[PDB]
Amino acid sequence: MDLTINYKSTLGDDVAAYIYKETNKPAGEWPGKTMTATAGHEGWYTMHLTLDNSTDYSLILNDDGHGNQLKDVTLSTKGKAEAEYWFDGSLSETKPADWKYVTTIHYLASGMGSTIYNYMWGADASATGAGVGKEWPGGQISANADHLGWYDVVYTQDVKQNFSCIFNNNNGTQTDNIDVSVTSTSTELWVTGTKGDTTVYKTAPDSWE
């Protein structure tokens, strides 16, 4: 199942999520997995993970394993297919009011020029983003600053609404239909190839780094 943990830190800007159940350690050895600064929420940090839903797990939030670690809390993951938590003083599964569902999609543009568009349909009427709600070729998107050849589109919705999109160069090259499943308030996807060989990754592929 897909796990997302959002933590409002009281331990500084270097924090990690240590997860365990008996000897099983889904987020790695101590201190576990580093939590990244949450886009659009100052003081918040987020981590994503996959794990076996055969059991529950315990969560120890910590300052990257150094001077401070929180009392362990239980994550009720058993049987679930999807789960997102917010920890602000205490653990909760309730999304705060001001939090949107932000879906980020990276596309590796190759042999199709430096003018890239994203054409999107099926999103909620709260949606904001390059392709909302433009006719073909859609909305023009910018290159990723830290990853060469990649172009980013970000679709922000008030609700957890699945949608579909197509990357293209408005000049004869495009991807196949991409069906996006929103699994958290910060879903991230990577896409490669063009029509006849479009691939969608839920985890950063090797071409990302």
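Heads up: residue numbers just count along the shown sequence, starting at 1.
Trainee: Averaging CA B factors per stretch from the PDB record, which one is higher: 72-80 or 117-125?
Mentor: If you average the C-alpha B-factors of 72-80 and of 117-125, the larger mean comes out for 72-80.
Trainee: Tell me which stretch, 142-150 or 163-171, has the higher mean Cα B-factor listed in the entry.
Mentor: Stretch with the greater average CA B-factor: 142-150.
Trainee: Of 46, 156, 62, 55, which one's C-alpha B factor is largest in the deposited record?
Mentor: By C-alpha B-factor in the record, 55 ranks first.
Trainee: Rank-wise, by C-alpha B-factor, drop residue 22 into the lowest, middle or highest third of its chain.
Mentor: Highest third, going by the recorded CA B-factors of the chain.
Trainee: Please say which third, lowest, middle or highest, residue 90 falls into when its CA temperature factor is compared across its chain.
Mentor: Ranked within chain, residue 90 CA B lands in the highest tercile.
Trainee: Please rank the C-alpha B-factors of the chain's modelled residues and tell me whether residue 112 sits in the lowest, middle or highest third.
Mentor: Lowest third, going by the recorded CA B-factors of the chain.
Trainee: When the modelled residues of the chain are sorted by Cα temperature factor, does residue 40 land in the lowest, middle or highest third?
Mentor: Within its chain, residue 40 is a highest-third residue by C-alpha B-factor, going by the deposited values.
Trainee: Just say lowest, middle or highest third for the CA B-factor of residue 182 relative to the other modelled residues in its chain.
Mentor: For residue 182, whose C-alpha B-factor we compare with every modelled residue in the chain, the answer is the middle third.
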